[PDB]
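Structure first, then comments.
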Amino acid sequence: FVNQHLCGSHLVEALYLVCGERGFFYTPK
Amino acid sequence: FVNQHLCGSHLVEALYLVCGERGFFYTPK
Amino acid sequence: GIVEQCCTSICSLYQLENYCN
Amino acid sequence: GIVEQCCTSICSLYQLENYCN
């Protein structure tokens with residue numbers, strides 16, 4: 001699921017799945 | 001959509017919708 | 001943190017916006 | 001940033017993990 005173009009909610013979802021209990025930061029330019 | 005229990009991907013989704021171009025940080029304990 | 005305020009208890013816009021950049 | 005690496009171009013696990021806490 002990670003090896004594609006990921007935008008918007010799709011990108012947030014990938015971060016959520018990958019980072020697990022760590023959580024993550026989502027910071028567009 | 002924000003005034004409920006929000007867990008996991010549901011919480012991430014709400015952050016994404018609310019924070020817009022700002023982005024956000026998702027950091028569980 | 002956010003899980004306590006929004007998952008284990010009812011979330012609010014007010015609290016969500018504290019986690020925006 | 002992340003949009004450039006993962007949305008405008010093809011994402012990777014390697015890059016995603018740079019944004020985990």
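Labels for the structure tokens follow display order: chains A, B, ..., residues from 1 in each chain, ligands from 1.
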Fit chain B to chain A: least squares, all C-alpha atoms, paired in order; write the output as a short mmCIF file (atom, residue, chain, number, x, y, z; two decimals) with C-alpha atoms, in the first residue's frame.
data_model
loop_
_atom_site.label_atom_id
_atom_site.label_comp_id
_atom_site.auth_asym_id
_atom_site.auth_seq_id
_atom_site.Cartn_x
_atom_site.Cartn_y
_atom_site.Cartn_z
CA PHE B 1 0.00 0.00 0.00
CA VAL B 2 2.93 2.40 0.45
CA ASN B 3 4.54 2.15 -3.01
CA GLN B 4 2.17 4.43 -4.89
CA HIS B 5 1.08 8.03 -5.09
CA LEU B 6 -0.67 8.83 -1.80
CA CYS B 7 -2.52 12.11 -1.36
CA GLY B 8 -4.78 13.59 1.25
CA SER B 9 -6.68 11.07 3.33
CA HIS B 10 -4.83 8.30 1.51
CA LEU B 11 -1.49 9.59 2.77
CA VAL B 12 -2.76 10.06 6.31
CA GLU B 13 -4.03 6.49 6.24
CA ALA B 14 -0.65 5.15 5.16
CA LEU B 15 1.11 7.08 7.94
CA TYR B 16 -1.36 5.73 10.45
CA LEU B 17 -0.83 2.12 9.30
CA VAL B 18 2.96 2.36 9.13
CA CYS B 19 3.65 4.30 12.27
CA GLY B 20 1.40 2.35 14.63
CA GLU B 21 1.49 3.28 18.30
CA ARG B 22 4.26 5.83 17.62
CA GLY B 23 1.90 8.06 15.78
CA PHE B 24 3.15 10.55 13.22
CA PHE B 25 3.18 14.12 12.00
CA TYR B 26 1.45 15.21 8.79
CA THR B 27 2.77 18.56 7.69
CA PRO B 28 2.15 19.83 4.10
CA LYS B 29 4.07 22.67 2.68
#
Using only C-alpha atoms, select each residue of chain C with any atom at most 12 Å away from an atom of chain A, and give the selection as a PyMOL selection string. chain C and resi 2-3+19-21
Give chain D as a PDB file with C-alpha atoms, in the first residue's frame once it has been least-squares superposed onto chain C over every C-alpha atom, paired in order.
ATOM      1  CA  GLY D   1      -3.406  13.118  25.326  1.00  0.00           C
ATOM      2  CA  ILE D   2      -5.565  12.880  22.286  1.00  0.00           C
ATOM      3  CA  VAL D   3      -6.628   9.289  22.778  1.00  0.00           C
ATOM      4  CA  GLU D   4      -7.868  10.054  26.268  1.00  0.00           C
ATOM      5  CA  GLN D   5      -9.759  13.137  25.155  1.00  0.00           C
ATOM      6  CA  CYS D   6     -11.205  11.922  21.865  1.00  0.00           C
ATOM      7  CA  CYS D   7     -11.261   8.099  21.803  1.00  0.00           C
ATOM      8  CA  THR D   8     -11.843   7.029  25.419  1.00  0.00           C
ATOM      9  CA  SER D   9     -14.088  10.081  25.944  1.00  0.00           C
ATOM     10  CA  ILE D  10     -16.123  12.169  23.506  1.00  0.00           C
ATOM     11  CA  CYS D  11     -14.034  14.344  21.221  1.00  0.00           C
ATOM     12  CA  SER D  12     -14.623  18.032  20.463  1.00  0.00           C
ATOM     13  CA  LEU D  13     -13.523  20.491  17.822  1.00  0.00           C
ATOM     14  CA  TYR D  14     -11.930  22.482  20.520  1.00  0.00           C
ATOM     15  CA  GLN D  15      -9.613  19.605  21.489  1.00  0.00           C
ATOM     16  CA  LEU D  16      -8.903  18.454  17.929  1.00  0.00           C
ATOM     17  CA  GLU D  17      -7.624  21.887  16.967  1.00  0.00           C
ATOM     18  CA  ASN D  18      -5.009  21.691  19.699  1.00  0.00           C
ATOM     19  CA  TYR D  19      -3.302  19.061  17.567  1.00  0.00           C
ATOM     20  CA  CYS D  20      -3.245  21.046  14.298  1.00  0.00           C
ATOM     21  CA  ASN D  21       0.126  22.432  13.273  1.00  0.00           C
TER      22      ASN D  21
END
Which of chain C end up as alpha helix (DSSP H) when DSSP is run on this backbone - answer as a PyMOL selection string? chain C and resi 2+13-17
Written file, previous selection with C-alpha atoms, as a CSV table (one decimal), in the first residue's frame:
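Just written: out.csv:
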chain,number,residue,atom,x,y,z
C,2,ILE,CA,-5.6,12.9,22.3
C,13,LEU,CA,-13.5,20.5,17.8
C,14,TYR,CA,-11.9,22.5,20.5
C,15,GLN,CA,-9.6,19.6,21.5
C,16,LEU,CA,-8.9,18.5,17.9
C,17,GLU,CA,-7.6,21.9,17.0
